[PDB]
């Protein structure tokens, strides 16, 4: 029984790793989906 | 850690049961002492016979 409970707590640890990997992927995806910022595009236009 | 503590309790139970078996082998009537006395007495009677 305690062996099975150890398996359960290890699964909980794995879920808590997966949540942070998910948040990092979502943050990098929403960083990638906007190539330039509004201020970055403004600075490009001002240089031009 | 709690699983390992339960394992140590299991090993203590095994030691207690082996001690109980050793106490039974000491305290049984047909132990080694009875057979030692039987073979000595019977060797004496066998030689005189």
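The radius of gyration of the Cα set in the protein assembly as shown, together with its Dmax, comes out at 39.4, 131 angstrom. Take each residue of peptide B:36-47, count the partner chain Cβ atoms within 10 Å of its Cβ, and average: the result is 0.
Please compute the average number of Cβ atoms from other chains found within 10 Å of each residue's Cβ in peptide A:1-8.
2
When Rg and the Kirkwood Rh are both derived from Cα coordinates, the Rg/Rh ratio for chain A amounts to 1.50. Per residue of B:4-12, other chain Cβ atoms within 10 Å of the residue Cβ number 1 on average.
Rounded to the nearest 500, the 222 nm mean residue ellipticity of chain B from helices alone is -30500 deg cm²/dmol, with -39,500 (n - 2.57) taken per DSSP H run of at least 4 residues. P(r) tail, chain B: Cα-Cα pairs separated by more than 14 Å, 69% of all pairs.
Just so you know, all these numbers are worked out from the coordinates, no wet-lab data involved. Please note: Cβ atoms are built from the backbone with ideal geometry, for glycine as well, and neighbour counts cover all protein chains shown.
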